[PDB]
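Asker: Structure of the sequence below:
(chains A and B, ligands or ions: 1)
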2 protein chains.
Amino acid sequence: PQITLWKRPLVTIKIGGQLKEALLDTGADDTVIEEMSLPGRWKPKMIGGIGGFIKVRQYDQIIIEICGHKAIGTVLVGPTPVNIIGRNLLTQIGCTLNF
Amino acid sequence: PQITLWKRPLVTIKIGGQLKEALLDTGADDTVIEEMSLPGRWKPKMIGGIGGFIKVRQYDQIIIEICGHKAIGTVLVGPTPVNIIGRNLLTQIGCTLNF
Ligand SMILES: CCCC[C@H](NC(=O)[C@H](C)NC(=O)[C@H](CCC(=O)O)NC(=O)[C@H](Cc1ccccc1)NC[C@H](CC(C)C)NC(=O)[C@@H](NC(=O)[C@@H](N)CCCNC(N)=[NH2+])C(C)C)C(N)=O
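Answerer: Residues are numbered from 1 along each chain as shown, chains lettered A, B, ... in the order given. Okay, here it is:
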């Protein structure tokens, strides 16, 4: 794909068993996913942004298969307004930004 | 340039005759610059992000150059952790997400 930026870069990813719509965020270091009880162990972590920080649990080694490109990595789970796909996973499906 | 995401996509921008780093952000609808003196007439605004809302002075149709390309549009100025180039400008310098 060659996605254009006219609209927001939304896609459908696949976490655990559920399919969801996340935002390809080039300005997100980590991936933060809306609350969902992924089994596994976890740890407490704070993430910030425009406006402040929110608390989230870290999940490591999660498989997410963003539109047929499966990546596997660390996903943060918490009360985020948008499922966010960040660079720790965009780099894995070989996403580049070209102008 | 074809920018890869193993590192944060920082790029140099000349805004108001000043050079400054800015992150290229596909998850931002607009462009927010840290506090600065831009000529023109500002109209207060509120934008929110992964933290919450912030107050930002709004400048309309500002000429800015991102890595030599030029853009002229809206630039919000306020208490942002890092400057950011969002979609309203990314599309002016023909930027796309590729993978
Ligand atoms: C077109 C106008 C219509 C509406 C318009 N838009 C908005 O209100 C929208 C929703 N806000 C946004 O678009 C804002 C950018 C601000 C803006 O747009 O002005 N985008 C955002 O805030 C997006 C996430 C998001 C996406 C969509 C919706 C909501 C949130 N995050 C951008 C942000 C940039 C980065 C440099 C800090 N990244 C993050 O928040 C990520 N966090 C990180 O990268 C952390 N490691 C940073 C720690 C904090 N400290 C620090 N950075 N110094 C997080 C996703 C893990 C408006 N006028 O306000």
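Asker: Relative to chain B, how far out is residue A:95?
Answerer: Using C-beta to the nearest C-beta, to the nearest Å, we find residue A:95 at a distance of 4 Å from chain B. Using the backbone N, CA and C atoms, a C-beta is placed for each residue, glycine as well.
Asker: residue contacts, that residue?
Answerer: By C-beta atoms under 8 Å, 6 or more residues apart in numbering or on different chains, the contact list for residue A:95 reads A:24, B:5, B:97-99.
Asker: For those, pick the one with the most neighbours.
Answerer: When neighbours are counted by other C-beta atoms under 10 Å in any protein chain shown, residue A:24 leads the contacts of residue A:95 with 26 neighbours.
Asker: And for residue A:96, the neighbour number?
Answerer: 17.
Asker: ok, longest strand in chain A?
Answerer: Ranked by number of residues, the top strand in chain A under DSSP state E is strand A:52-66.
Asker: anything in that one near chain B?
Answerer: Yes: Strand A:52-66 lies within reach of chain B by C-beta under 8 Å from any C-beta of the partner chain, at A:52-54.
Asker: Among those residues, name the buried ones.
Answerer: With burial judged by 16 or more other C-beta atoms under 10 Å in any protein chain shown, the buried subset of these is residue A:54.
Asker: Now residue A:20: closest residue in space that isn't a chain neighbour?
Answerer: Using C-beta to C-beta, 6 or more residues apart in numbering or on different chains and skipping residues adjacent in sequence, the residue nearest residue A:20 is residue A:83, 5.3 Å away.
Asker: Quick one: residues contacting the one you found.
Answerer: So residue A:83 contacts A:13, A:20-23, A:32-34 (C-beta under 8 Å, 6+ apart).
Asker: Just put the residues you listed in CSV and tack on neighbour count, secondary structure and distance to residue B:89.
Answerer: Listed next are the contacts of residue A:83 as CSV, based on neighbours: other C-beta atoms under 10 Å in any protein chain shown; DSSP: H, G, I helix; E, B strand; the rest coil; distance: C-beta to C-beta, whole Å:
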residue, neighbour count, secondary structure, distance to residue B:89
A:13, 23, strand, 27
A:20, 15, strand, 28
A:21, 10, strand, 25
A:22, 24, strand, 23
A:23, 20, strand, 18
A:32, 25, strand, 24
A:33, 24, strand, 28
A:34, 15, coil, 28
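Asker: If anything else comes up later, I'll come back, but that's it for now.
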